[PDB]
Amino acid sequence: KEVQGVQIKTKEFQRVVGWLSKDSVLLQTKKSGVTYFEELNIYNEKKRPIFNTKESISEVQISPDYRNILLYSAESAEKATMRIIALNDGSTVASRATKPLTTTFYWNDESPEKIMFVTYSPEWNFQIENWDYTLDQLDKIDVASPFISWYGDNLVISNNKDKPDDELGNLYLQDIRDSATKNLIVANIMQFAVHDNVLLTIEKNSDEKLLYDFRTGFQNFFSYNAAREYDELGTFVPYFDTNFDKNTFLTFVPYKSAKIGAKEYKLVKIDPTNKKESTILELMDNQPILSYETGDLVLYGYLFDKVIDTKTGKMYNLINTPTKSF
């Protein structure tokens, strides 16, 4: 079977948020002031309604276990809500009221009852809290950086920069219940990510290269150097698939180190355990990518409207824009 696309009017299509299963995605559209969330089958075009709202959408995330959605939305300039919605029937599992503030969310993969979030406002700069939505519990997280990730049930890693404009920082591990537990685990890191028990770090390695390290007790088990791009502000990091594991890490890679054309990258698949690198496609544009837990299909694009098959190299239009306005 191959991916079949559906046509959606340009202004109506908002985005594909991500995968819901090996053969379906979460589709967001809007019409007459109502935002609709649907499950869309990638092979047969069947749609299933999940939830709809007239509220302003700020963030939508799919839970690590693909069972729930987090919706952060605002009813007005004075009221916003974070809701957890069940994918199977669109019911509200939990909700909390707040103010419409800029927020970044981190869903705990090990204990998906917990969502940590960073809120920003000029009154306090940034702050971090953990919401256990199953227990109606909100706890402060005393971590001195907004660059964070869960590492377990009660552990968070943060990249602590000495000055806010710094490219590099130092990675610390701490238990969210007690900041006295803070401990340096990796020095001089620019960017990091965690997934499937792997800690990915990215750091400059001379001005000509970026170094991607893969760590388990933080045992460093593979290194990959890519040509380094940079822009007017510093190092440029191409997109990678956040859904990586010990055997699959997908990233765009530049052809040469240079100051930042739509054919400037190749898409590669790295297997850090097997120490192998394969090019999926050459002469591509760097845009977001997201894989599923299983199989070789990867959403591609700022709106995730295309699918790349990483086994064959074939690309498919999942959401088609009409060729003309009609």
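The numbering used is simple: start at 1 and walk along the sequence shown.
According to the record, 1 to 3 deposited residues between residue 216 and residue 217 are left without atomic coordinates. The deposited sequence places no unmodelled residues between residue 34 and residue 35, so the chain runs continuously there.
Stretches 305-313 and 8-16 differ in mean CA B factor, with 8-16 having the higher one. In this entry, 131-139 shows the higher mean Cα temperature factor of the pair 131-139 and 235-243. Remark: of 95, 125, 104, 108, 125 shows the highest value [criterion: C-alpha B-factor in the PDB entry].
Between the residues 260, 297, 70, 289, the entry's highest C-alpha temperature factor is the one at 260. When the modelled residues of the chain are ordered by C-alpha B-factor, residue 44 sits in the highest third. Per-chain ranking of the deposited C-alpha B factor places residue 183 in the highest third. Annotation for residue 65: CA B-factor lies in the middle third of the chain's modelled residues. Split the chain's modelled residues into thirds by C-alpha temperature factor. Residue 252 is in the lowest one. Annotation for residue 282: C-alpha temperature factor in the lowest third relative to the rest of the modelled chain, per the entry.
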